[PDB]
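Peer 1: Just the starting chains for now, same placement as in the complex:
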Amino acid sequence: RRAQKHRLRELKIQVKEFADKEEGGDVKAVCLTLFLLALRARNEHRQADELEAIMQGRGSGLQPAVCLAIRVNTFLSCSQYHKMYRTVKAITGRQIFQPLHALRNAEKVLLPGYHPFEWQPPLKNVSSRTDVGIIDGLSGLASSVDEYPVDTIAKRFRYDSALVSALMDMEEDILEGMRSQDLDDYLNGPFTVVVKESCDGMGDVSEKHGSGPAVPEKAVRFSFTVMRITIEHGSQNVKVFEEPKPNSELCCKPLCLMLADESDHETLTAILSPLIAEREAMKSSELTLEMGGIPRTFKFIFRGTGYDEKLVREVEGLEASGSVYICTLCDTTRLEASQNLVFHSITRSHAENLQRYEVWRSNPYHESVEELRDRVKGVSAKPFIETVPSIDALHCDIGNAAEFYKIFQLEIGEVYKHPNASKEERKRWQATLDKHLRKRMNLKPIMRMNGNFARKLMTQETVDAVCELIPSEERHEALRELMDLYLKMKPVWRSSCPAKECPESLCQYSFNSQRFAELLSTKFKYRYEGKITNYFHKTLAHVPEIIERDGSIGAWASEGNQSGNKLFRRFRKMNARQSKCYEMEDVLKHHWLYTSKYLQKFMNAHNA
C-alpha cells in the first residue's frame, strides 16, 4: 500500500501534475487508458478486454433467454446443462448461467398460447380461449374397441395460437423493417402475411433398441412458414419483412406431427382435418393484436406448396403417379405431351378438381367408366386440401440428374446402332460406367442418388470423361451440347429470387428450352417417341409461366422441411420422457424453440 506508494511517489505525484496541467487531471481516464495501452502493446489483449468490460460496468450474467438459446441450439439435455451450470458457478463464484426453473419461466414466453389476441369477426367453429398449448392431435377421436381401431400418436398446436406467436417473436424484426423503409413506426395498417405450407412423410424413424430387426415405423410432420409481411402504406404496398433463406431448416415451424404411414389415407385425413377447418375459418377475418405497444391488424394468405409429388398426387385426389395423366397442373396424357412439346398452361385448380370429382361420383351422363375417366381427366377421389400447384425444386433436380445418368448408361451400349439388348449387357454397362467414373472423377458408387451426387454428376468434366470412354464421335456433340443446354437452363429455377438475380437466362429460357426439346425429339427420338417422364414435362412446359405467376421457384420448395428430418431423430433420443405420449410433446416443443428467430438473434451475435 504505502509501500509501493512511496516506492514511486515521485513519479506518482509527477504524473498527477502532468495530467492536471495537460489532460486537465482526469486521473482515472488517463491512468486506465495508459495501462490498457501498455498491456495491449505486449499482445495480452484478453486482460485488456475483460478489464475494459469490468470498468465499463457490464454484468457478467446472462439473461435467461440467452442460456435457453444455448441449451436448445446445442442439443444439451436438462441434466448436462445442470452439470455445466453448477460447475461454472462453483468455479468462478459469480453465476454465469441461469438455473433451470428460471429457464422454464422464460421458455413459457415463447411457446404458443401466452398472449391475448382477438379475431374480427370471431372465427366460426374456432374456440375463443387464448391459453391453449399443445393439444392432442387426435382431436378427441373416440377410440373404443367397438369402433375403428386407431393407434397412432399425434400432437399439434392450434393454427391461430401458432400464427400469433410466430408474429410476436418477429415483432422486432418487422418494426426494424418498418423503420428502414421510411415509415412512421406507430402504424397499424392492415398487414398481410404470406404463409407457405408444406408436408412430407419421413419414414424409418425407429430403432432396434432390443437388437431385433424387421420392425419399421414412419412419421409425418405438418409445418408452415412465414415468408413475407406487407403493409399498404399510402398508394402501394411495401415489403416490411421478407425471408432471407426460405427453404432452410431453421425458418419452417412445425405445427403438428404424428406416427402414421404417409399413405394411411384414413388416419391422415382424420388427423389433418381440424387444421384445414381452422385454415378455412381464418381466411375471411382479421386478427387484432398489440404489436410493440399500440395494436395492429393482420390478415393472411396461405399458399400450400411444399408438397412433394406423391402427396400432391394423393390428397388432391388424382390417380397415382403411374397414370396416363402426368402433370398436376394441366390435363394432358404422356402420349400427347410427348408430341405437342411446349405449348401448355395451368388449368387444374382445386375447386375445378372438386366439382370434377362430383361429376365423377354422380355420373349424370350415364356413360361407361372407360370414357368417364377420360372426361374427368383422372380424378377419382374427394380432395380435402386446397393446394396451389407448382413444380418442386429438390426432387425435380434429382429426377433430372438420375434421368440423364440413365441416358449415359444407355449411351455406353450405343443401342442406337444395335437396339434391344438384354438385361445383362445393361448391368455390364452400369459396372463399366461406375468404375470409369470412380477412376476418373472419383465419384463414389451409390444406389439412392443424393443432391450432392446430383450436383457432382451434372458437370462438363464428367460428361467429357464419359464422352472419352464411349466409342463413337457424333455422341460427343449429342451429349456435351445437351448438357450445356441443361446447365444454361437450370439456374432460372434453381435460384431463390431469379426475378432479378439472373434476369437474362430467364428471358432466354424460351429458346434455351425449345432447343433442348427439338434435339431430344430429333437426335434422341429412339427413346422419347412415346413415354416421356414427368419432370421432363414440368421443366419444359410450365416454369416460364409459374415464374410470372408466383415469383421464385426455389423459395417455394420443400427443401426446408426435408432438411429438418434429421433433427427429429436427434431430439427423439436426447429429449424425451419415454411414454409414447410425451415423446411427441417434447419433440414438438424443442423443435419449436429451435426454429424460433428471437433465439437465433443471439446465436448470430458474433457477426453483428
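Peer 2: Structure received. Numbers count the residues shown, from 1 in each chain, chains lettered A, B, ... in the order given.
Peer 1: now the strands for the stretch 51-200 of chain A?
Peer 2: Assigned by DSSP state E, counting those that start in this stretch, the stretch 51-200 of chain A shows strands spanning A:118-120, A:135-136, A:154-156, A:190-199.
Peer 1: Can you tell me which of these is most buried?
Peer 2: strand A:154-156 (a mean of 23; mean count of other CB atoms under 10 Å). Placement of C-beta: from N, CA and C, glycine included.
Peer 1: just the strands in chain A please.
Peer 2: A:118-120, A:135-136, A:154-156, A:190-199, A:220-233, A:236-242, A:253-258, A:286-290, A:295-307 (DSSP state E).
Peer 1: I'd like the ones you listed laid out as TSV, including distance to residue A:495.
Peer 2: Output for these, formatted as TSV (distance: least, CB to CB, whole Å):
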stretch	distance to residue A:495
strand A:118-120	38
strand A:135-136	39
strand A:154-156	34
strand A:190-199	17
strand A:220-233	16
strand A:236-242	15
strand A:253-258	24
strand A:286-290	33
strand A:295-307	16
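Peer 1: So which of those is nearest residue A:511?
Peer 2: strand A:295-307 (28.2 Å; CB to CB).
Peer 1: For the closest one, buried residues please.
Peer 2: A:296, A:298, A:300, A:302-307 (16 or more other CB atoms under 10 Å).
Peer 1: Kindly report the same for stretch A:508-526.
Peer 2: For stretch A:508-526, by 16+ other CB under 10 Å, it's A:509, A:512-513, A:516-517, A:519-520, A:523-524.
Peer 1: Check stretch A:33-49 too.
Peer 2: By neighbour count on 16+ other CB under 10 Å, the buried set for stretch A:33-49 is A:36, A:48.
Peer 1: sorry, back to before: mind checking the strands of the stretch 51-200 of chain A for the one nearest to residue A:221?
Peer 2: That would be strand A:190-199 among the strands of the stretch 51-200 of chain A, by CB to CB, at 7.2 Å.
Peer 1: quick one: that closest one to strand A:253-258, angle?
Peer 2: Taking axes from the mean of the first three to the mean of the last three CA atoms, to 10 degrees, strand A:190-199 and strand A:253-258 form an angle of 40 degrees between their directions.
Peer 1: List the pairing partners of strand A:190-199 within its sheet, with orientation.
Peer 2: strand A:220-233 (antiparallel), strand A:295-307 (parallel) (DSSP bridges).
Peer 1: Relative to residue A:168, which of those is closest?
Peer 2: Using CB to CB, the nearest of these to residue A:168 is strand A:295-307, at 10.7 Å.
Peer 1: here's chain B, add it to the model above:
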Amino acid sequence: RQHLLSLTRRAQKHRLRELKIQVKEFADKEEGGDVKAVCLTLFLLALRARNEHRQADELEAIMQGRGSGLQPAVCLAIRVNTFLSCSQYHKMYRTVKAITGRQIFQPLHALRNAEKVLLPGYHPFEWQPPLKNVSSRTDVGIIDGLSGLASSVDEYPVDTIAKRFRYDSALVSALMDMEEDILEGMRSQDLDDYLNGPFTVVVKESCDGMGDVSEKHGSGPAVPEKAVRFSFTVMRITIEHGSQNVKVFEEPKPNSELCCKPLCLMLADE
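Peer 2: Same chains as before, plus chain B:
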C-alpha cells in the same frame, strides 16, 4: 481532449502520447525498461484512492491470479463430461464471448495444447534396471494394437482393429494424474512431503467382452460385431515408512464407472 473514452481507437493514443512518452521513458530508465507493471500499480493506487476497493480487488484477482474466465483444464473438463462435440463447443464459446463481452471459455487450440498434458507419453520417466524387450523412448501415445502383425494374402487372414497405450507410459500418466491425491494422503498421515521412498502400487486388471455394439447406418439392418476392451485400475498406493508399510491412498469407490482406465481396445471376439 473531449474524453479519452469518447474518442476513437488511437485518437486518445496520439492525444496523450506526449505524457505517455515522457513518463514512460523516465520510468523505463527508472526501473529498467518496464511500464505496464508499475503503470497498473499506480493505476490501482490512483483509482482506489477514490474509495473504490471493489475494482482494484477484482483487478488483482484477474491479473496474476484466477477469478473471471476459466483455466483451460476446466473448460476441457466440462466439454468432456458433458459429451459435447467440437463445433457445438465452438458455438457456445463464441456466442458467450460475443454476448457478455468478456472471454470466459477458452478457444480450441488452447484446449488441444492443454489436453496434451493428460494423455500418456508426455512426461519424462526412467526405468531402472531397464526393461527387457521394451523400448526406452518416452513419446509413445496411441499405438497400433496389431503390434506389427504381417497381414498379407499369404499369411493367416486378420481383419480386426485395435488401439492401445503402452503399459508403462499409461501407468506413469495414471500416477501424474493423482500426484495431488498421494501428496494430500502422505500429509494427512503425518509424513514428510520431501520423501521419495519406494512407494508400492497395487493395480487391478479386467477384461470383459462387450458384444453387439454396432448400429444401423443410413436406413437398414445391422451386423452382430463384438468388441473387447482391456483396462486396469489403480487401487491402493502404499509406502513402507520406518519399519512398517503405511497406507497413503485407497480408492473411495473401487468398482465405480469412472475409475477403470482403458488401456487397449479391439473389434474382435472373446
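Peer 1: In light of the added chain B, please revisit the buried residues of stretch A:33-49.
Peer 2: Residues of stretch A:33-49 classed as buried by neighbour count (16 or more other CB atoms under 10 Å in any protein chain shown): A:33-39, A:47-48.
Peer 1: okay, these in JSON lines with distance to chain B next?
Peer 2: Listed next are the buried residues of stretch A:33-49 as JSON lines, based on distance: CB to the nearest CB, whole Å:
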{"residue": "A:33", "distance to chain B": "5"}
{"residue": "A:34", "distance to chain B": "6"}
{"residue": "A:35", "distance to chain B": "5"}
{"residue": "A:36", "distance to chain B": "9"}
{"residue": "A:37", "distance to chain B": "7"}
{"residue": "A:38", "distance to chain B": "4"}
{"residue": "A:39", "distance to chain B": "5"}
{"residue": "A:47", "distance to chain B": "6"}
{"residue": "A:48", "distance to chain B": "10"}
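Peer 1: top strand in chain B by residue count?
Peer 2: Assigned via DSSP E, chain B shows its longest strand as strand B:228-241.
Peer 1: going on from that one, what's the next piece of helix or strand?
Peer 2: strand B:244-250 (DSSP states H and E).
Peer 1: Counting neighbours, which bits of the longest strand of chain B end up buried?
Peer 2: Quick answer for strand B:228-241 (16+ other CB under 10 Å): B:228, B:230-235, B:237-239, B:241.
Peer 1: so how far is residue A:206 from the residue in the stretch 151-270 of chain B positioned nearest to chain A?
Peer 2: As assessed by CB to the nearest CB, chain A sits closest to residue B:219 within the stretch 151-270 of chain B, at 4.4 Å. According to CB to CB, to the nearest Å, residue B:219 stands 10 Å off from residue A:206.
Peer 1: One more: residue A:121?
Peer 2: In terms of CB to CB, residue A:121 sits 46 Å off from residue A:206.
Peer 1: out of those two, which sits in the more crowded spot?
Peer 2: residue A:206 (15 against 8; other CB atoms under 10 Å in any protein chain shown).
Peer 1: got the contact list for the closest residue to the more buried one other than its chain neighbours?
Peer 2: Leaving aside its chain neighbours, residue A:206 sits nearest to residue A:217 (4.4 Å; criterion: CB to CB, 6 or more residues apart in numbering or on different chains). Listed by CB atoms under 8 Å, 6 or more residues apart in numbering or on different chains, the contact set of residue A:217 reads A:203-206, A:259.
Peer 1: one more time with 10 Å
Peer 2: Contact partners of residue A:217, counting by CB atoms under 10 Å, 6 or more residues apart in numbering or on different chains, are A:203-207, A:259-261.
Peer 1: Filter these down to the buried ones, ChimeraX style.
Peer 2: Selection of the buried residues among those in ChimeraX, burial being defined by 16+ other CB under 10 Å:
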select /A:259,260,261
